[PDB]
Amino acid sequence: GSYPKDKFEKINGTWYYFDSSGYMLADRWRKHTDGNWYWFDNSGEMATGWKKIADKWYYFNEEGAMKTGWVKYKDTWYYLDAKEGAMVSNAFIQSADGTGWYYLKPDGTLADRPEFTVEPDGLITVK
């Protein structure tokens, strides 16, 4: 009624989330009742789009839900850890059919045309 508690609330046209004492969360994560994780920056505003928390990138949809799995941002694929959420970079992510792998460049972007180089001991270098 007069004391928002553990809930979302759109104040002044901005989404915030109040703890059990009526304070807005700030620089904190909150797993909502819908199953999604949400993040609120220093001003307490619900994160939308890309945000870098504790030196790891995460992608939230327009509704504020942190996404996981493959997503396409500006027509270029990315991969967010299926469990933790963070953007995977410089890694090979197994395809769904388990047939192959996809390589995400050092900057998280997918390599549609990866170039490999092999050294006599087998060390594979990608580019």
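Numbers follow the displayed sequence, beginning with 1.
On average the C-alpha atoms of 49-57 have higher B-factors than those of the other stretch, with 49-57 and 35-43 being the two compared. Legend: mean Cα B-factor per stretch from the PDB entry, 22-30 versus 69-77; the higher mean is in 69-77.
Sort the chain's modelled residues by C-alpha temperature factor and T14 lands in the lowest third, per the entry. Among the modelled residues of its chain, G1 has a C-alpha B-factor that falls in the highest third according to the deposited record. Sort the modelled residues of the chain by CA B factor and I93 lands in the middle third. In the PDB entry, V126 places in the highest third of its chain by CA B-factor.
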